[PDB]
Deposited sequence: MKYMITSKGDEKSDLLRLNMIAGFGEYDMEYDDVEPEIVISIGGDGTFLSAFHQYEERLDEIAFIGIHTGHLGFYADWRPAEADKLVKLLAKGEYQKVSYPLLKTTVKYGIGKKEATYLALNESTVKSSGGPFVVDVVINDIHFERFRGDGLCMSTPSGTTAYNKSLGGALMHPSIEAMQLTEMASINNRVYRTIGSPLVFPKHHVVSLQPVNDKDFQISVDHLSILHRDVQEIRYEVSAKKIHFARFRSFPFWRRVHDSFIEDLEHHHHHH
């Protein structure tokens, strides 16, 4: 079928990409980086993220495969030829992970996150009111906030004390970054896990400029009126050719491998 391969850019990944394309030339596989049905990422998780955002507008028409040269990449380089044959056969199972939708309104722009989306200030102190489903939950003071996807809970979310979360759970998790808690300032302190259809809105208090990140992209937004977080209706689809449970790759990435 139609496919393309992205590369980390280093010498090891470029030649591995060339060898796979040559192997695909022995099958009925058409290279097409405009409308690929399979997107193969050769590199680290950052390479996989760049591949996801490159084709973030054809998610319901693409299955992703990562090659580790790696949390999202679940294929070793020595298994590259076996992946070529299995991918050429065309018999695989489709696994879908939830995504996070971020909406920024001024006085709007929407983004899509596979890992997480964070909010910080433009230099000054970070103060926002957290509104959950039109209900004011807290006034947050600290460094920032992090809204994570299920697969992203093992990333930035994990470093902030968040809980690890199985991707079969369509939900999002919010965690704090060095929150201020005293006699007057008070936040929940604990990570919050929100289901679908729940909308978390961050509203400015004084400063209206925020440094907002979506995965590896970070932009300084000015004159912000609202940042809306909610579980996206879009999902990322993975092409899986063998059993690799989520808790097993969590074990291999943090326990031992």
| note | No C-alpha positions exist for deposited residues 70-72, 111-114, 265-272
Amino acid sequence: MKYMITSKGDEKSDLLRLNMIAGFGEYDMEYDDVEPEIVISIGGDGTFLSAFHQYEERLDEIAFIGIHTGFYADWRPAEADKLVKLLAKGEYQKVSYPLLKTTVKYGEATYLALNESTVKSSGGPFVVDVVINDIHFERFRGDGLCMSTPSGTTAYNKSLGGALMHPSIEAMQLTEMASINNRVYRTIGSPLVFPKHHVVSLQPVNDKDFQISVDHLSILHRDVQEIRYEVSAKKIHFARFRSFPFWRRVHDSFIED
From here on, numbers count along this sequence of modelled residues.
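Rigid core here is just the name for the largest C-alpha set that superposes within 1.5 Å across the two forms.
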| request: Find the stretch among 142-150 and 117-125 with the larger RMS C-alpha deviation in 6 other deposited structures of this protein, all structures being superposed on the shown form by the rigid core. | output: 117-125
| Which is farther from the shown form in 6 other deposited structures of this protein in C-alpha RMS with the core fitted, 179-187 or 160-168? | 179-187
| Counting only other entries that model residues on either side of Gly107, is it left out in at least a third? | yes
| field | Stretch with the higher entry mean CA B-factor, where the candidates are 29-37 and 195-203 | value | 29-37
| remark: Going by the entry, of stretches 215-223 and 184-192 the one with greater average Cα B-factor is 215-223
| said: Take the CA temperature factors straight from the PDB entry and tell me which of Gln93, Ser159, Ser117, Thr153 peaks. | reply: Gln93
| Highest-ranked of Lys85, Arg139, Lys101, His166 once sorted by CA temperature factor in the record | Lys85
| field | Position of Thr110 among the chain's modelled residues by C-alpha B-factor, lowest, middle or highest third | value | middle
| request: Relative to the other modelled residues of the same chain, rank the CA B-factor of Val250 and answer lowest, middle or highest third. | output: lowest
| said: Per the entry's values, where does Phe126 land by CA temperature factor relative to the rest of its chain, in the lowest, middle or highest third? | reply: lowest
| field | Within-chain third of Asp143 by Cα B-factor, per the entry | value | lowest
| task | Name the third of the chain's ranked CA B-factors that contains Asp81, choosing lowest, middle or highest. | result | highest
